[PDB]
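> no sequence on hand, only this structure:
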Ligand SMILES: [Cl-]
Ligand SMILES: [Cl-]
């Protein structure tokens, strides 16, 4: 019948592409997808507000308590994006930590322009923010007080597009010619390099649900996403197919 899904903004676009193709496979099934961030999607799945929650990170310890079933539908790299005109094309993971904690505050320190770094972070509740902080190696408390907060993947892309001195983080699936992803420790931000583990900033895309709430229609949609046709859609969105 009608399958309610809510959660990650990183997963939103591939989920919409999956729903569009699934409408030709099971025409009597309707899927409603709402993008509200990973933490809210997981909470909605836990409470039965959504039949399926979308997360762009592993579940936190406190969320593991709920006993949600977890299904990996893809893997995704997190790119460090700058304005397309920034001469800096390379950052080390150590430099990324120093920028985000406010130890490095001007692009001149990174060999770029004599200009301040406009640090952009996602809102609290973002799966991308939680995975990024964990891998880069700093706590929320250590984030520079000068950081801009952008609500959702779309807004962090828009802020970086419009500010020559900005830096932000986003799913590879949102990267296009309007922004530039830096190489991290000499490694290009590609699905190949996420899969061979040389590009360290990455995370799963998960569909989470309570076994008692998942309908035959919801189960059919997850199975479609994991099928060869479902995984071809995942690759077309610059994601990594489930290994
Ligand atoms: Cl527990
Ligand atoms: Cl916030």
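Good, I have the coordinates. Numbering: from 1, shown residues only. Ligands and ions are numbered 1, 2, ... in the order given.
> which non-adjacent residue is nearest residue 131?
Among residues not flanking residue 131 along the chain, residue 203 sits closest, at 4.1 Å (C-beta to C-beta, 6 or more residues apart in numbering). Where you see a C-beta, it was placed from the backbone N, CA and C, and this is true even at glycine.
> kindly apply the preceding question to residue 19 instead.
With C-beta to C-beta, 6+ apart, the residue lying closest to residue 19 is residue 31, at 4.3 Å.
> in the longest helix along the chain, what's buried?
Selection of the longest helix in the chain by residue count, based on DSSP state H, yields helix 12-25. Neighbour-count burial for helix 12-25, with 16 or more other C-beta atoms under 10 Å as criterion, is recorded at 12, 13, 14, 15, 17, 18, 19, 22.
> again with stretch 118-137
Of the residues in stretch 118-137, 118-122, 125-133, 136 count as buried by neighbour count, 16+ other C-beta under 10 Å.
> over to stretch 211-222?
For stretch 211-222, the buried set under the neighbour-count rule, 16+ other C-beta under 10 Å, comprises 213, 214, 217, 218, 221, 222.
> tell me which two of these sit farthest apart.
213 and 221 (13.6 Å; C-beta to C-beta).
> where exactly do the helices run in the chain?
Using DSSP H, the helices of the chain run over 12-25, 38-47, 61-64, 93-100, 127-136, 153-162, 191-195, 216-226, 228-236.
> who does the second one touch, helix- and strand-wise?
Looking back up the chat, that one is helix 38-47. The contact analysis (3 or more C-beta pairs under 8 Å, 6 or more residues apart in numbering; DSSP states H and E) places helix 38-47 against strand 2-7, strand 52-55, helix 127-136, strand 202-209.
> and the nearest residue to residue 84 once chain neighbours are set aside, how close does it get to residue 167?
Distances taken as C-beta to C-beta, 6+ apart put residue 180 closest to residue 84, at 5.0 Å, once the chain neighbours are dropped. To residue 167, residue 180 is 10 Å away according to C-beta to C-beta, to the nearest Å.
> quick one, which of these two is more surrounded?
residue 167 (25 against 18; other C-beta atoms under 10 Å).
> list the contacts for the more buried one?
By C-beta atoms under 8 Å, 6 or more residues apart in numbering, the residues touching residue 167 are 80, 81, 82, 99, 117, 118, 119, 120, 160.
> if we use 6 Å, what do you get?
When contacts are counted by C-beta atoms under 6 Å, 6 or more residues apart in numbering, residue 167 is found next to residue 82.
> name the nearest residue to residue 91, sequence neighbours excluded.
Distance criterion C-beta to C-beta, 6+ apart; nearest residue to residue 91, sequence neighbours excluded, is residue 182 at 4.9 Å.
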